[PDB]
Each structure stands twice: as structure tokens, then as C-alpha cells.
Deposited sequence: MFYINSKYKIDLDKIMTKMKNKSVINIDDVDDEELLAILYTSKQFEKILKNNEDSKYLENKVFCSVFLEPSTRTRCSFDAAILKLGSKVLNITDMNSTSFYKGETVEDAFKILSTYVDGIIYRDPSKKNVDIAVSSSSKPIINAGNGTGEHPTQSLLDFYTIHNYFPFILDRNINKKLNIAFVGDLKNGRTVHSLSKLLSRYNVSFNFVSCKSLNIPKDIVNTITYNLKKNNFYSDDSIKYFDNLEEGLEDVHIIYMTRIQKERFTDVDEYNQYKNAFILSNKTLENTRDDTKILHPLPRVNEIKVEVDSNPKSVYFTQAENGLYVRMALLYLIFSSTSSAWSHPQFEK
């Protein structure tokens, strides 16, 4: 087991990930990220070649979604079913209608006796953490109000690593440059991915209108993670209020929603980007990326959404398997 040049003791890394809950991207260390990226890649090649994907039969999951996040739940359902496991769904409720005046702690204590594991999406931060205390079974956070959404960060990173596999090397001479564009204050997907990218030799352009810029505590985390690996310089983090400057010499453009224009991506705005630049967007989009860009080979936001299948399959496999691993 290799990613061209890093040997993965997938056995050793699984013994450690077995029955781990994944709430925040900080719950995933370097070795765990390598295992997730290696395994995701195998599910990518197995599904693209129409091979048997059933590496985790015999599990029964509960999926609890206490806000509409139909794309994210469908992605998790598809991953569970494609692995050959089974799922029981709780949807089209909110927190108050589901906890009909019963405690979160009682609910998860009981529900964890029925299933092998739980996919949980709830806009309350409090609730996911109470669920983790009370559950006898691993929980995968599918998203909460504090902007923790680890499978989104993991599929974002997997997507970037497919075009720029040198992000993993921590080589001083091989730096990745990313522009984050739009609502960086409220775009929590940016906060999570920034935290993960700063573990590596990465340089950040935060492109926003003053009012909606990256929060100070996220810039502190980036600075801390860059200093720890001796990749911090005065050039590590730049701030722009316009695309022309922001999109210059960046390998990745990561677009977000801007609710309430200067931050609209078009084929025109993409002319003075590198030949190799790739465009991510966690989706859904509104106006932020013009439909014309879909034809531009730099666009990968739809491949990005697709990779979420492979990354969620990988993570379920590595956590819930009771080991013959996926290969080729």
C-alpha cells in the first residue's frame, strides 16, 4: 500500500481508527489522512471500472439529519449502500420535533443499541457533542452550526491532492497556493479546509470585501500550523478585495456563496490564472460561478462533489471494518 512514494500500514492505521468518532477535522492525524486518501483512491478506481464495491457488508447504520441537507445525506446513504451495508434514516424533522422533550443523552444512549454507527447532522453544536458522550457507537458528524464538517474538508483535500499530490510532501520548494473567494466570515467550509491545508506547505489568498473576511482566530490557527512545520513567512497569508490580484499564481480557486458583483467567476476572470489552476466550490452555487465555466477544463466542482462518495466510503470502511483491503 503506497501513494506512489509513502508506504501505508493500512492494518496498523485501521487498528487505531477502529470505532473512532469523527466530529472535527482535528480528529484526523497525518497517518489517518494518508489512509483516507489511499482508500478513497481505491474506491474511485473500483467504481470508475464497475468493480465490486462491497468492502463493508454486515453493518447497519442510522442516519439522523435534523436539518435539510439532502445532498450530504444522499452522499452518505450512497456510500453506505455502495459498501453493501444498510441504513435506517431519520429526516424531515428539526432538533425540537425529534427530541419531543426527551434528552439528547437518552435518545443516543437507546439508538446506539440498535446500530453499528450513526451519521449525525444537527445545526446545534451542543447536540453532536452530547450524542458523542452518550452513544455506545461511533458518530460521524455530517455538519453542525459551529462549522465542523470533516467529510467536506476531507473530500476538498482529496480533490486538491489529485491535481497537486505534492501538498503531502511537506517540501519547502513545493508550495501550494490557494485563493479562498467570497464569504470567508460565514463560509465554514473555508475555516475547516484552511485548518487542514495549514498542516502542509501552503500559501493563502483570502479574497473578500472587508465586511466578510476570514476571522482572526482561523488566521491564528493557520499561522500556528505553518510555524509548527517551518512554512510560515510574511508571504504565507495575503488579503485581496478583487479577483484580478487574488487569482494570480494560485493552483486552487475555492469559491463560496456570498448572500446579500466583484466575486463572480467567469472565463474572462480566469484568463490570468495558471494553466494548472483547478476551481473548487462546496456547492450549491447561485451566481458565484457562471454556467460557462462548467465547460472550462479548470472547473472540478462537479468531480469534487463526486469525490465525496469515495471519501465517505473510505472513512466508513476504515472506522467500521472488522478485518482483503480494497486494491486496483
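- Absence of C-alpha coordinates is noted for several segments of the deposited sequence, namely 1-2, 263-275, 339-342, 348-349.
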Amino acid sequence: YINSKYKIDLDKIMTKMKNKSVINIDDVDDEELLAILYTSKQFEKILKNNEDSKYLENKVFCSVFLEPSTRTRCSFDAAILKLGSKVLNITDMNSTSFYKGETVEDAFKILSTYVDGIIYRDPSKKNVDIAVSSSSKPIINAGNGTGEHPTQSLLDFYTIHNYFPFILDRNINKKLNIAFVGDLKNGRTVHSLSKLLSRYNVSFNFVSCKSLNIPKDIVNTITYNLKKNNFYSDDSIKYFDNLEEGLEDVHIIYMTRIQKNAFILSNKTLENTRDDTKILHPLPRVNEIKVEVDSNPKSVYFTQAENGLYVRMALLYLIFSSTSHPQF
From here on, numbers count along this sequence of modelled residues.
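Throughout, rigid core stands for the largest set of C-alpha atoms superposing within 1.5 Å between the two forms.
- When the other structures are laid on the shown form by the core, the C-alphas of 250-258 and 89-97 differ in how far they drift in 6 other deposited structures of this protein; the larger average drift belongs to 250-258.
- Two stretches, 261-269 and 66-74, are weighed by how far their CA atoms sit from the shown form in 6 other deposited structures of this protein after rigid core superposition; the farther one is 261-269.
- If you average the C-alpha B-factors over 174-182 and over 149-157, the higher value belongs to 174-182.
- For the pair 133-141 and 241-249, the mean Cα B-factor is higher in 241-249.
- Out of 198, 208, 192, 113, the entry records its largest CA B-factor for 208.
- Highest C-alpha temperature factor among 81, 93, 74, 202 per the entry: 93.
- In the PDB entry, residue 117 places in the lowest third of its chain by CA B-factor.
- Looking at the C-alpha B-factors along this chain, the one for residue 216 belongs to the highest third.
- When all modelled residues of the chain are sorted by CA temperature factor, residue 258 is found within the highest third.
- Looking at the C-alpha B-factors along this chain, the one for residue 266 belongs to the highest third.
- In the PDB entry, a CA B factor belonging to the lowest third of its chain's modelled residues is recorded for residue 86.
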